[PDB]
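>>> Sharing an experimental structure here, sequence included.
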Amino acid sequence: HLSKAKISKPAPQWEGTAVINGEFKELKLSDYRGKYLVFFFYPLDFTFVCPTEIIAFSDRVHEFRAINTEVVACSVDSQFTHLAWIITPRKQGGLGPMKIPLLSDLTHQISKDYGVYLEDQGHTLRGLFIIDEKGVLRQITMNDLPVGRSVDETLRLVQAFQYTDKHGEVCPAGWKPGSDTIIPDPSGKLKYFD
Amino acid sequence: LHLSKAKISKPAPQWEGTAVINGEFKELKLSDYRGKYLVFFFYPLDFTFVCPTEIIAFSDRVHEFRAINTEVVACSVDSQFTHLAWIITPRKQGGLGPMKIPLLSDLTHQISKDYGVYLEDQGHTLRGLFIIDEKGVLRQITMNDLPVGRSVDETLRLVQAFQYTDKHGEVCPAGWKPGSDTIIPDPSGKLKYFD
Amino acid sequence: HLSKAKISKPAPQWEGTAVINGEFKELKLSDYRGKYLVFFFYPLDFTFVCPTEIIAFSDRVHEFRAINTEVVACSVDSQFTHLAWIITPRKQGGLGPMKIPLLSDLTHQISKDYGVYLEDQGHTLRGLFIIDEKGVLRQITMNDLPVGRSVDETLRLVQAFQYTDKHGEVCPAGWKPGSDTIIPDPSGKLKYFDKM
Amino acid sequence: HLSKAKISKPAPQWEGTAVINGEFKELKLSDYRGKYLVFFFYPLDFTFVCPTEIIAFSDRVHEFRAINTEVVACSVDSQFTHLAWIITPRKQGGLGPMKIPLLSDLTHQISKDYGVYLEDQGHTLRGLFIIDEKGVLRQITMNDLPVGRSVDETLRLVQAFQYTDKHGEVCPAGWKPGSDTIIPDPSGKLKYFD
Amino acid sequence: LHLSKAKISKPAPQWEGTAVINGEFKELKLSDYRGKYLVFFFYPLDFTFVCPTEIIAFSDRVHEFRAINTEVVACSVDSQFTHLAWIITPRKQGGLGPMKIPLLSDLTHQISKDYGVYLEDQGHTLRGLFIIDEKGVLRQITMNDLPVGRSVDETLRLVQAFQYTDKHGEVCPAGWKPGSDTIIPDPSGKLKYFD
Amino acid sequence: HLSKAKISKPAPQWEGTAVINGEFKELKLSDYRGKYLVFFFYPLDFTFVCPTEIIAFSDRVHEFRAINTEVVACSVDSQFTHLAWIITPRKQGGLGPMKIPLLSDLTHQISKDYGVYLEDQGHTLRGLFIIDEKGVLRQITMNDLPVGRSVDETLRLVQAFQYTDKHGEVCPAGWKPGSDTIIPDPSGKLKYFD
Amino acid sequence: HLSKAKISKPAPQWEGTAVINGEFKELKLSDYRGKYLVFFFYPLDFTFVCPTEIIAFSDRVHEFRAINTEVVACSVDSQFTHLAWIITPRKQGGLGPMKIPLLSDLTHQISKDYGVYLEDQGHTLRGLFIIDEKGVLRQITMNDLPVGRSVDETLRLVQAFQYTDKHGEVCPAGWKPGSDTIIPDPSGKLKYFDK
Amino acid sequence: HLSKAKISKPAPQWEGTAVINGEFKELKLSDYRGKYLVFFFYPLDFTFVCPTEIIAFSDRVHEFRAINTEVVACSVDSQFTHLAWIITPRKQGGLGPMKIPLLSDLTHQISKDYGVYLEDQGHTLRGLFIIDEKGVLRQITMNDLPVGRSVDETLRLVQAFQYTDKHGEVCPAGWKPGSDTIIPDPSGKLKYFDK
Amino acid sequence: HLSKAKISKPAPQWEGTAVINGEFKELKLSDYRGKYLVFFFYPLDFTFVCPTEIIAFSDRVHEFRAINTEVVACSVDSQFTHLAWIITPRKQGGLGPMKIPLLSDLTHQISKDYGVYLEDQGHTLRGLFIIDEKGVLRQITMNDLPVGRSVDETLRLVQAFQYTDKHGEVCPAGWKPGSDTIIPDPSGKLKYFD
Amino acid sequence: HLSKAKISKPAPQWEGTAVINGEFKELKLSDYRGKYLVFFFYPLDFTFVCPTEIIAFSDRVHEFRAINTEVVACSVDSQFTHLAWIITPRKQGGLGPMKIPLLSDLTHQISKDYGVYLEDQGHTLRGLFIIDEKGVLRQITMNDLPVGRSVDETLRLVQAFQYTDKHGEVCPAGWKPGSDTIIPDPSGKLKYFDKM
């Protein structure tokens, strides 16, 4: 397994054509500097788990935008196929109008750079990446094909990284806003453990 | 360039080492878990901060995983002697107390490198978790930077979902929990969920 | 430019999933042994020239089947996108029901083997290949993106190759059924050239 | 199979001795910049299908010249053999006086650069190339030895490429002058399809 | 084949790392000791058996070395957090108690490999000790297999001898201690010792 | 620095000519199986620190023989030079009659195998090796040229390795026969530490 | 300069299509075992010096066949061009009906094996080779493009090699049948030099 | 077969010691710029065919010098052996006083550059080279050991190259001065072929 | 400097054509097994020092033959040149009738194998080799071009090597038949030195 | 067999510690520029043929110094062993006081450069080298272990090289001072050969 994606290092640069509000637009990772970004890959347009994940993030995108965070989805399908899918009604396994960009990776170069490409199948697995305002990679989540991801877990992780960025204390297992934190010092730590 | 032997949908890399199990040193192997699901996770360092909260959370809930034919094993680069010293230290001083899950030692760093979780510049791992099925095949990978702990709730949800899809041949939507709707993976069959 | 496709050599083998009468089926080049095959690539589902080419071959495939010849189309799109496009009406730029298989090449392996893959774009150009009953490649036609191919010219070529296979004389520029042919021999050829 | 000829990229440069109006002259691809060029190879002088193709193009060269297009033929034979074949009468399998250049590729360099050389036989197959005013390669047609090409199809393709260069619409399967075209965007395309 | 950058009569390989010094974490470097002799020693593992007896022996006698412009530094592959936990553990439980010498951490294994003391199969060092002079040049190497501890008495004798020969230009016979006879290193001069 | 000498692995094999009781004899490391061996190198015959070390071990060799241990000395000098040195009286910086073998390493191969050869000088430094009855290397001591070794420290180390071999307890810093030992177990250890 | 042609070693094998009595036939070097062979290359059909060399050999081939010797000509031109040139009358620079085969080397492999190919021009220079009954190469003659060879000198050479093969005396500069020869011995040679 | 000798390209440079009028002198190929050169190798001094070739050229060298052409002979023998052979009378198989230089190639480098060295024997075969005024190689003739070359054929060739250099017509098979030539043009050639 | 000739190892094999009693014969090093051989190279036939050395050995060959020893001379010159030089009278710098073989090394292989070939000059220097009955090389003498060797010294060395082969004593500097020898051991040597 | 020693080329440079009049001194080959040098290797200190050779050259070194020539001996032994051997009386197989330097080659570098090192034994054979005033190597003599060299032959060779350097004629087999020489020219040589 080879990849350019390394936690605590700058996330690999990407550029491509995206569908945004029904139109074709050029989009780059660098466009997102100054904000957190949830960047996620899904296997294939017109399939099964995939539309449930894209719909989940689009319907709840306001929750991420309230905390200076954007969301971008990506597959190996072309931009013409993405638009056809957006126009397909939800009842027929389509998406309907979308509030997040759908990026196209026809050459497979972006998938390969992020280490999510399946050479035997010709598409990606379910891989999600959390990137900070400075462009640095903080988190990687990857699922086998039959099991979808969680919007709730994704929000929890974004909130935790922002908190530790700001305060310099660290977040225990299962942390949510309001939970106890730890001072990362051999003496300071006892204020939590006591 | 990041290198690893860990690939989703392929056999998880074999490992062998010394673990602390009920206060005793014992040889332990990945192959010992064939027939059961395994949550296998790495943590940075004994006697630190987020690490003990994660080990305690899993130990205190390990019965929930065992009820569904699933085991849990923890691993760091620390020696077996340091693991035992940490188990003897009380929770109020940042120790673990008695543990219900094995603590595996990776002194040589070979296991960490095989799983793609070793940080060359630091000499220890990041927070990496792996879900492995009863046939030894890798199903899931979760990796966090140092300051943020993982979730026992989410790990359980994922084990439940993989067990469901293995048994039923339907697939699980975003946010699935036991009792939630599922999809037939066919262009016509799918409409029973979507319509 | 690298490729495995060479005229007068065996055509490169391929295997993949195709949509045939609305269902997903495994298809291989060896399945067509004993027949002529017109095997063609097109750039992208839900685009512009591509649907006109597939429709033209679909609506006229009976002409080819009457002469022991089949037709197969291929793009880099998935089989799920192929089916979505077949379901879309012709008036919205869809295909409607199809009489020819649509093969999927998601991995790009088939495209690269045939020398038709565009690295910078991530899809194929317009490349058509004529393969005989023994699996030998006889003809290659490749067009840049904005210009479609011709069913009339493709039919003429299949007729000409079948004629030379059977009779052992050769077909002059612009030959159609009924036109004069040449004996491939230094004196025998002069029978044809007498009419000049 | 190795070649330098790639569609949508500049056609490989060539230079050599050609027979033009019964005389030996130096000729280069760059000589044709500013016009379209039909550049074609044939197997061997004094053979069978070959003279029928060269005759067909020569007798119709005025049709291409009327639309700013030139025609050049090429084989591995020497310039002395080319002239001998031109002097030979049509009734004896010769060419008679010619209106297009016949280029000699004695070293095989031009044939190898264009991907048309047969190593086992020592001559080319039937390969034709359509090149635009800017020197970019637009079309490749290749036939096995026993079947000749078509002047009618070649003319259609030159017409189609000139139309799309000028108007920015695209040409459907079987397009001829006067036929319907397509606007290449997701909503504009409906003018044609509906 | 054994490989190392440590060579007697050549500059000792540079090192940098985090050490525990008076209960605090501090960056420490070999170059910090220029101008003084240094006894630099590796030990296998924190919370083990012979190891604490060696660290305690040197700490409890470090004043004898400091009286002759010589310092002492200890090193293992353990982390700085484990070193501090071990310092806090009482001597009666196999701990160290308060320490007067730095404990250097080599988590990455780079320092151990540079000095030729790393055991690949085990993931920790053997018992290796190095004597380095005021100009940074290596003068002595002592290495023991795991079951047998080293001697503070012998280490002191060797420091004293090297300081004597540096200053006097005579050389030290087998078993030399301060006040013992020495030799002029010349074919004629030598007879003042031998006759 | 390269060497074949590794603690806890078999000591590198050696063979050569030695002076034993005034005569030339062939001697091999394998001759010593079943006994402990102190094998030591010294820089040069007719020098300064070197004869003091050889005399020290020879005069005290009975102490090692009482505990199933032999002693062998080695330098790069020839066997003819070794014999001339043995015949030289102690008062002239010679050795007098010897009770331990002096091995010759003229080719430098043994020195190189044990990692004690000085490439700039053409002789060894002061390197001593302790090897067990099974031929396994237990201890390495190496000194720069101006400072001699200790017979007393060498005896202490031999006694400690024999004790741990027999009993399976381990020896603390500064151990001598009669001193306390440790059971190498996380619970057993407390019998010593208490 | 690369070649497989070496005097006193076996001549490189060749096979190809030739025009023989106006028909196309496969022809090989080994077809000529048992006879001497004059094997010669010329630049190009329908040129200037070339037809004069080929005609001179065809017209006089009976002089070679009388002494168990055959003659073959070769160029890079196709067999279809060879036949066209043979059908062309001599007055128009053609050959007319031929008595010796014309071999075609379209792939250039035969020419490169014999060391006569001109890479810049794409054809051969004027190279001639005399090959004995056992297939061994005896003589090489090579001319630049504007100067023709000699049937008379070629005949003299075949005669000389046939004489020395049979008698074991050697042939002085300019030998023709009936001329004086030399016994190749340091004493026997003096008979010749007496004159 | 390796060589630097290529027809229609510059002849390989050479320098060495030669015997000229019974004295030793350094000689170079570039000394002959402005004139044609016949440059020939022979196997061995004191042998059989060799003295006959060298004598024939020395005796007739005025015929070459009349048309701005020189002649040089070369073998692997030393300059001391060359002079001994020249001092030896013709009746005893020697040469007598010479009018052309004898070049020595003791190192074998000149012979290998010209492609005439026989590795199994340690000497050259019978190789002759015609080089024009600009230093360009025009002709190569190579014979196996038992058959001598021809001064008459060599003269014919020098005449033919000199004619074509000056006039730009070409020379048919067997041309001698006064014979018919060809204009090298597809129309102009028909004048010659009319006959 | 590269060579195959090494003292105390078997002399490199050689074969070639030699002049023996006015006739050309094949000769090999193995032909001399069972006798000592003086094998020597000289620069060039018809030169200056060379004939004086070949004459000196030929006129004295009976002295070597009386002690089971043969003599062979060699240069890069051909066998035909060798015979011409033999026929040439001594007053003219020739050899006259010879009693020793003259070997030809036209290919230079023998000279290169023995380390005596001069690459810049194309001939050998003055190299002499003494080889025993078992084919082992015992002695090498090499002179620059202007200075000849000595038959008296060569004879002395053959005598010395034969003596030490037979008796097992060793020959001091300047030994001749009748001189004192040495027993090669540390106590036995005193018979000579005292 | 590899070596840097080549006749008619510059002798390989060397530097080392030698015993000269009982003291240790640094010595280099370049120190002898302007003089002839006889540079010889011997196997081992405290052995048998070796002392006889060193003594013979030491006792006769005045003959060489009278003709602008020096002598230097070398073995793989240390300078401390060299001194011990010089101190040992001749009657016990020692050298006694020496008039020539004894060079030490502990690293074996000098021996390998001169092509005289025996790999299996760890010491040199008996190799002698004659070097001129300009540093050019003129002569090599090498003997197997049991047979000593000759001072008489060495002297003759130095005399012959000095003669040819000065006068430009060459020395026949067995030349000694007073013997006839040859003009190196094809006719001039016949002056010498007239006496035959």
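Great, that's in hand. Numbers count the residues shown, from 1 in each chain, chains lettered A, B, ... in the order given.

>>> so who does the closest residue to chain J within chain A touch?
For chain A, the residue closest to chain J is residue A:2, as judged by Cβ to the nearest Cβ, at 46.2 Å. For every residue, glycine as well, the C-beta is placed using N, CA and C. Listed by Cβ atoms under 8 Å, 6 or more residues apart in numbering or on different chains, the contact partners of residue A:2 are A:115, B:1, B:2, B:3.

>>> Residue A:26: how many residues sit nearby?
10 (other Cβ atoms under 10 Å in any protein chain shown).

>>> try residue A:136
The burial count for residue A:136: 13, using other Cβ under 10 Å.

>>> hey, what's it bridged with?
Beta-bridge pairing for residue A:136 (DSSP bridges): residue A:10.

>>> Contact partners for it?
A:8, A:9, A:10, A:11.

>>> Now do the phi/psi pair for the residue of chain A closest to chain J.
phi -120, psi 150 (degrees, to the nearest 10).

>>> Quickly note the distance from it to chain H.
46 Å (Cβ to the nearest Cβ, to the nearest Å).

>>> cool, and residue A:30?
Residue A:30 sits 59 Å away from chain H, going by Cβ to the nearest Cβ.

>>> and that residue, that's in a helix?
Yes: counting by DSSP: H, G, I helix; E, B strand; the rest coil, residue A:30 is found in a helix.

>>> neighbours around it, how many?
10.

>>> what sits opposite residue A:28 in the beta ladder?
Applying DSSP bridges to residue A:28 yields these beta-bridge partners: residue A:15.

>>> What residues does the residue lying closest to residue A:115 once chain neighbours are set aside make contact with?
Leaving aside its chain neighbours, residue A:115 sits nearest to residue A:3 (2.8 Å; criterion: Cβ to Cβ, 6 or more residues apart in numbering or on different chains). Residue A:3 is in contact with A:113, A:114, A:115, B:1, B:2, B:4, counting by Cβ under 8 Å, 6+ apart.

>>> Kindly recompute the last result at 10 Å.
A:12, A:112-117, A:140, B:1-4, B:116 (Cβ atoms under 10 Å, 6 or more residues apart in numbering or on different chains).

>>> hmm, back to that, only whichever of the contacts of residue A:136 are buried, select them in PyMOL.
Buried residues within these, by 16 or more other Cβ atoms under 10 Å in any protein chain shown, are selected in PyMOL with:
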select buried, chain A and resi 11
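
>>> Now the two most distant members of the contacts of residue A:136.
Using Cβ to Cβ, the two most remote members of the contacts of residue A:136 are A:8 and A:11, lying 10.6 Å apart.

>>> what sits against residue A:89?
Contacts of residue A:89 by Cβ under 10 Å, 6+ apart are A:95, A:96, B:194, B:195.

>>> change it to 8 Å
Counting by Cβ under 8 Å, 6+ apart, residue A:89 makes contact with residue A:96.

>>> swap in the one 5 residues further on?
With contact set as Cβ under 8 Å, 6+ apart, residue A:94 has these partners: A:51, A:85, A:86, A:87, A:88.

>>> Just the buried residues of those residues.
Buried among these by 16+ other Cβ under 10 Å: A:51, A:85, A:86, A:88.

>>> how about the nearest residue to the last one, chain neighbours excluded?
Just to be clear, that refers to residue A:88. residue A:94 (2.5 Å).

>>> partners of the residue lying closest to residue A:188 once chain neighbours are set aside in the sheet?
Distances taken as Cβ to Cβ, 6+ apart put residue A:182 closest to residue A:188, at 8.0 Å, once the chain neighbours are dropped. On the basis of DSSP bridges, residue A:182 is bridged to residue A:170.

>>> How many neighbouring residues does residue A:182 have?
If we define neighbours as other Cβ under 10 Å, then residue A:182 has 24 of them.

>>> my guess is residue A:5 contacts residue A:111, does it?
No: contact criterion Cβ atoms under 8 Å: residue A:5 and residue A:111 do not qualify, at 10.9 Å.

>>> of these two, who's got more company?
Neighbour totals were compared for residue A:5 and residue A:111, and residue A:111 leads with 21 against 17 (other Cβ under 10 Å).

>>> Run through the residues of chain A sitting next to chain E.
residue A:186 (Cβ under 8 Å from any Cβ of the partner chain).

>>> need the residues of chain A near chain C, please.
So chain A meets chain C at A:44-47, A:76-78, A:80-81, A:83-85, A:88, A:105-108, A:119-123 (Cβ under 8 Å from any Cβ).

>>> and those residues, which are buried?
With neighbours counted by 16+ other Cβ under 10 Å, the residues of chain A next to chain C contain buried members at A:44-47, A:76-78, A:80-81, A:83-85, A:88, A:105-108, A:121-123.

>>> coming back round to it: what separation is there between the residue nearest to residue A:115 and chain G?
Shown here: residue A:3 relative to chain G, a distance of 49 Å by Cβ to the nearest Cβ.

>>> What strand or helix carries the closest residue to chain D within chain A?
Of all residues in chain A, residue A:83 sits closest to chain D, at 5.9 Å by Cβ to the nearest Cβ. Using DSSP states H and E, residue A:83 falls within helix A:79-87.

>>> how big is the angle separating that helix from helix C:79-87?
70 degrees (axes from the mean of the first three to the mean of the last three Cα atoms, to 10 degrees).

>>> burial of the closest residue to residue A:33 other than its chain neighbours, as a residue count?
Leaving out its chain neighbours, the residue that sits closest to residue A:33 by Cβ to Cβ, 6+ apart is residue A:135, at 6.0 Å. For residue A:135, the tally of surrounding residues (other Cβ under 10 Å) stands at 16.

>>> before we move on, what about the one 10 residues further on?
The local packing count at residue A:145 equals 23, with neighbours defined by other Cβ under 10 Å.

>>> Isn't it up against residue A:127?
No: with contact defined as Cβ under 8 Å, residue A:145 does not count as touching residue A:127 (11.5 Å).

>>> and of the buried ones among the contacts of residue A:94, the nearest to chain F?
residue A:51 (56.1 Å).

>>> Tell me the buried residues in the helix or strand where the closest one lies?
Residue A:51 is part of helix A:49-59, with elements assigned from DSSP H and E. In terms of neighbour count (16+ other Cβ under 10 Å), helix A:49-59 has its buried residues at A:49, A:50, A:51, A:52, A:53, A:54, A:55, A:56, A:57, A:58.

>>> list the contacts for the second one?
For residue A:50, the contacting residues are A:42, A:43, A:44, A:75, taking Cβ under 8 Å, 6+ apart as the criterion.

>>> residues of the helix ranked longest in chain A that come out buried?
If you go by DSSP state H, chain A has its longest helix at helix A:151-167. For helix A:151-167, a neighbour-count test (16+ other Cβ under 10 Å) marks A:151-164 as buried.

>>> Please work out which residues outside the helix or strand that comes right after it touch it.
For helix A:151-167, the succeeding helix or strand toward the C-terminus, using DSSP H and E, is helix A:190-193. Here helix A:190-193 makes contact (Cβ under 8 Å, 6+ apart) with A:172, A:180, A:181, A:182, A:183, B:91, B:92, B:93, B:94.

>>> Over to stretch A:116-129?
A:5, A:11, A:38-44, A:49, A:53, A:74-76, A:108, A:111, A:114-115, A:137, A:139-145, A:147-149, A:154, B:8-9, C:78, C:105-108.

>>> 6 Å instead, please
A:39-41, A:43-44, A:76, A:108, A:111, A:141-143, A:149, B:8, C:106-107 (Cβ atoms under 6 Å, 6 or more residues apart in numbering or on different chains).

>>> what does stretch A:172-189 give?
Contacts of stretch A:172-189 (Cβ under 6 Å, 6+ apart): A:159-160, A:169-170, A:192, B:49, B:53-54, B:57, B:94, B:149, B:151, E:84.

>>> residue in chain A nearest to chain I?
For chain A, Cβ to the nearest Cβ, closest residue to chain I: residue A:2, 47.8 Å.

>>> Across the sheet, point out what pairs with that residue.
Bridge pairing for residue A:2 - DSSP bridges - gives residue B:3.
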